[PDB]
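Undergrad:
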Amino acid sequence: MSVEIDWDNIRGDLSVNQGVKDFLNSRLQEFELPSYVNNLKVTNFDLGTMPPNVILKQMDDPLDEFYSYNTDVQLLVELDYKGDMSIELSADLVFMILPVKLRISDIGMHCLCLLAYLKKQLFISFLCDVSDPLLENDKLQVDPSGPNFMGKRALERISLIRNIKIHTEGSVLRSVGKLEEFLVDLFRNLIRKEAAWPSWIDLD
């Protein structure tokens with residue numbers, strides 16, 4: 001039950017390159033950065049050059065909740096991604119301020135995820151890692167149609183990031207290390223908190 005996907009085409013569209021840039025920045029500055037850091041901005045999002053492996057599992061009408069203050088459809092997919100996608104950030108370190123440049127890359131997800139096209143727009147909400155225990159047990163309902171869909175227990179989900187690589191470009203190293211550490215932890219949270227159902231990325 002596979003979904004081929006025109007990555008050539010997709011990796012090209014800027015409406016999408018942007019707007020995930022924007023998604024990130026918006027949610028980023030919603031956090032509290034520590035004192036060694038400033039003007040932390042995603043400068044450049046870049047997809048793989050390889051797509052993910054996409055297995056359709058259910059179609060539905062988008063949940064009510066996507067409807068908010085047909086011709087619409089909502090794919091429950093398995094995403095598997097061990098590809099070459101990279102985020103390019105930029106911050107100021109802290117007598118003086120040193121501008122730094124980072125890359126996040128080597129992002130690994132193997133994931134259940136809702137994809138919902140409606141009224142011109144696309145919503146991407148991750149649900150959980152396939153190897154999440156909560157699946158093995160009938161202890162977390164991932165049928166979005168669907169009583170008690172992601173009821174309690176939802177908060178016990180395992181990280182959706184399976185792995186991730188952040189590299190940057200005196201004893202300021204104490205800070206560029208552990209800067210690198212902060213970002214990971216942040217970025218993980220940014221996904222857990224703002225990209226995983228009940229939350230989602232929004233685009234068009």
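Note that the sequence shown covers residues 1 to 69, 85 to 109, 117 to 191, 200 to 234 in full-length UniProt numbering.
No residue lacks a Cβ here, since even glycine has one placed at the ideal position from N, Cα and C.
Does the Cβ of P62 have 16 or more other Cβ atoms within 10 Å, making it buried, or fewer, making it exposed?
TA: Mapped onto the sequence shown, residue 62 falls at position 62. Burial call: buried.
Undergrad: According to DSSP, is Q58 part of a helix, a strand, or is it coil?
TA: In the sequence shown, counting from the first residue as 1, residue 58 sits at position 58. Correct three-state label for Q58: strand.
Undergrad: In terms of alpha-carbon separation, which member of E191, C133, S153 and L33 lies closest to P52?
TA: As a working note, residue 52 is residue 52 in the sequence shown. Nearest of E191, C133, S153 and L33 to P52, Cα basis: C133.
Undergrad: Counting C-beta neighbours from all protein chains within 10 Å, is the total for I119 16 or more, i.e. buried, or is it exposed?
TA: For the purposes of this step, residue 119 is identified with residue 97 of the sequence shown, where counting begins at 1. Burial call: exposed.
Undergrad: Excluding five sequence neighbours on each side, which residues of the same chain lie with their C-beta closer than 6 Å to the C-beta of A225?
TA: Here residue 225 is taken as the residue at index 195 of the sequence shown, counted from 1. Excluding positions up to five away in sequence, the list reads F148 and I231.
Undergrad: Among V214, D6 and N44, which has the Cα closest to the Cα of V54?
TA: In the sequence shown, the residue the question calls residue 54 occupies position 54. Among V214, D6 and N44, the Cα nearest to that of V54 belongs to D6.
Undergrad: Residue ranges of each alpha helix (DSSP H) run of no fewer than 4 residues wholly in the region 145-189, ordered along the chain?
TA: The qualifying runs are 155-158.
Undergrad: Quick one: grab the DSSP three-state call for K97.
TA: Position 82 of the sequence shown holds residue 97. Coil, per DSSP.
Undergrad: Looking at the secondary structure, which residues open and close the alpha helix (DSSP H) in which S15 lies?
TA: For the purposes of this step, residue 15 is taken as the residue at position 15 of the sequence shown. Where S15 is concerned, the enclosing alpha helix (DSSP H) stretches over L14 to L28.
Undergrad: Between which two residues does the beta strand (DSSP E) harbouring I221 extend?
TA: As a working note, residue 221 is residue 191 in the sequence shown. No beta strand (DSSP E) contains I221, which is instead part of the alpha helix (DSSP H) from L203 to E224.
Undergrad: What is the DSSP secondary structure of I10, counted as helix, strand or coil?
TA: Numbered from 1 along the sequence shown, position 10 holds the residue referred to as residue 10. Reduced to three states, the DSSP call for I10 is helix.
Undergrad: Counting C-beta neighbours from all protein chains within 10 Å, is the total for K21 16 or more, i.e. buried, or is it exposed?
TA: As a first step, residue 21 is located in the sequence shown; it is residue number 21 there, counting from the start. Buried, since its Cβ has 16 or more Cβ neighbours within 10 Å.
Undergrad: For the beta strand (DSSP E) that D128 lies in, which residues bound it at each end?
TA: As a first step, residue 128 is located in the sequence shown; it is residue number 106 there, counting from the start. Segment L120 to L140, the beta strand (DSSP E) holding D128.
Undergrad: From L137, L144, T49 and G130, pick the residue whose C-alpha is nearest to that of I188; which is it?
TA: Residue numbering aside, residue 188 sits at position 166 when the sequence shown is read from its first letter. Here the closest residue by C-alpha is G130.
Undergrad: So, is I180 buried or exposed, given that buried needs 16 or more other C-beta atoms within 10 angstroms?
TA: As a first step, residue 180 is located in the sequence shown; it is residue number 158 there, counting from the start. Exposed.
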